[PDB]
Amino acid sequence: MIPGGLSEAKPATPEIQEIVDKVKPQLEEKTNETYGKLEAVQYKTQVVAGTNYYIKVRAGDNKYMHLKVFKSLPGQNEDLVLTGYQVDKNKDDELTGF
């Protein structure tokens, strides 16, 4: 790890899914689509003046999406904002910054 890289990737955990579920509405307000169940599968983290989340969500069936959410510092208030997303992603696909 470099002082600001993304972490190595780890399996998705129950909180990641919370984040994706809390976030799903924003994907939709931006792509004006409606996704079935968006299952978190993998994620990476990155410390900034908060934390940036790089999650690999299975939102179709044999199709993967890559979301990027920013979780604020525990003192600056506010919630998880979907900062970006990458359409059409393979299951094996490395999660990267953006």
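In this text, residue numbers run from 1 along the sequence as written. Between two forms, the rigid core is the largest collection of C-alphas that superpose within 1.5 Å.
- Message: Which segment is farther from the shown form on average in 4 other deposited structures of this protein after a rigid core fit, 30 to 38 or 50 to 58, going by CA atoms?
- Response: This comes out as 30 to 38, the stretch further from the shown form in 4 other deposited structures of this protein.
- Could you check whether 69 to 77 or 41 to 49 drifts more from the shown form in 4 other deposited structures of this protein, using RMS Cα distance once the core is superposed? Output: 69 to 77, the stretch lying farther off on average in 4 other deposited structures of this protein.
- For the higher mean C-alpha B factor in the entry, choose 73 to 81 or 16 to 24. Per the PDB record, 73 to 81.
- Message: Quick check on the record: does 2 to 10 or 87 to 95 carry the larger mean Cα temperature factor?
- Response: Per the PDB entry, the higher value belongs to 87 to 95.
- Taking the Cα B-factors listed in the entry, which of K30, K37, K44, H66 comes out highest? Of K30, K37, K44, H66, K37 has the highest C-alpha B-factor.
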